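Only one chain is given next, in structure tokens, and it is the form deposited without 5-nitro-1H-indole-2-carboxylic acid.
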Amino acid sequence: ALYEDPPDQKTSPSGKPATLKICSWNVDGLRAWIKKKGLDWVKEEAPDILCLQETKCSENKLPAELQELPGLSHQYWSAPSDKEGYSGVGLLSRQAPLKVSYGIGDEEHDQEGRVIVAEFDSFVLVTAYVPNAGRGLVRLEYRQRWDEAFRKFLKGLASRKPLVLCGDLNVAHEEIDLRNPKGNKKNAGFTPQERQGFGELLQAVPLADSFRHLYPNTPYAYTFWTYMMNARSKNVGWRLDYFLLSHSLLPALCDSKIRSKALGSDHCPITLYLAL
């Protein structure tokens, strides 16, 4: 069945108003997404921080519209080191971060422009585009290696500051997180190995699934739909895009949204409200 995201809750569990609004979006081709009016949607949402995944766009080719964007003037981009039109992430912020870094510190895993770490006053933001296990599961062996290194990196990071992790984590954690769980247990994104990695990420860092924490029993809430077979119009999709939080920030959590109606990609954007 179709899904309607509930209204934005903008106070914390103690009624402190939301001070920080982060939006994350796998744009699936940055240039195409801008031509499909993505930035119009971003300007109306007016986030304080905007994280993009799968930009498929070198730093030379970044369209001009992105400079004329003064609510998000501090902009950071990572592209693969030797693979054009593939992967890529960016982070755009209203306020400059204290410190920005690329990758996780493991050469093996830092060649495909997938991770930006931005340290602010009260917390660290990681945005990530996790490697897809691939058709026929060709990259499943590599993904489990990625998962373990990524988990260890985030565990280290969260021991020093509160952590927000957002982005396309390329796994649907539980059967409620996709429309066709039965038909997809040997497919990328829903293998038992990918579901276990997510579980161990939640437990080992530790982190909480912001959206599932607030709506633990809400089905049909998805962030991705394949372009094929008109899946989006039937809401035959997957929840692949997350905000994961240090438990300490759970009392700062106001809401975790899914903007199902914003068009322009095969993912919709997700939006996080925090009281900091």
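Residues carry their position along the shown sequence, with the first being 1.
The protein also exists as the form solved in complex with 5-nitro-1H-indole-2-carboxylic acid; that form is not presented, and the subsequent description refers to it.
- When you look in the entry with it bound, the only residue of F120, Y76, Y102, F153 with a non-hydrogen atom within 4.5 Å of 5-nitro-1H-indole-2-carboxylic acid is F120.
- Scanning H109, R94, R179, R195 against 5-nitro-1H-indole-2-carboxylic acid in the entry with it bound with a 4.5 Å heavy atom cut-off leaves one residue, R94.
- The stretch among 109 to 117, 136 to 144, 195 to 203, 86 to 94 whose residues place heavy atoms within 4.5 Å of 5-nitro-1H-indole-2-carboxylic acid in the entry with it bound is 86 to 94.
- In the entry with it bound, no heavy atom of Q9 sits within 4.5 Å of 5-nitro-1H-indole-2-carboxylic acid.
- Although the partner is absent here, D48 lies within 4.5 Å of 5-nitro-1H-indole-2-carboxylic acid in the entry with it bound, judged by heavy atoms.
- 5-nitro-1H-indole-2-carboxylic acid in the entry with it bound comes within 4.5 Å of no heavy atom belonging to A262.
- Proximity of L253 to 5-nitro-1H-indole-2-carboxylic acid in the entry with it bound: non-hydrogen atoms within 4.5 Å are absent; the residue sits far from the partner.
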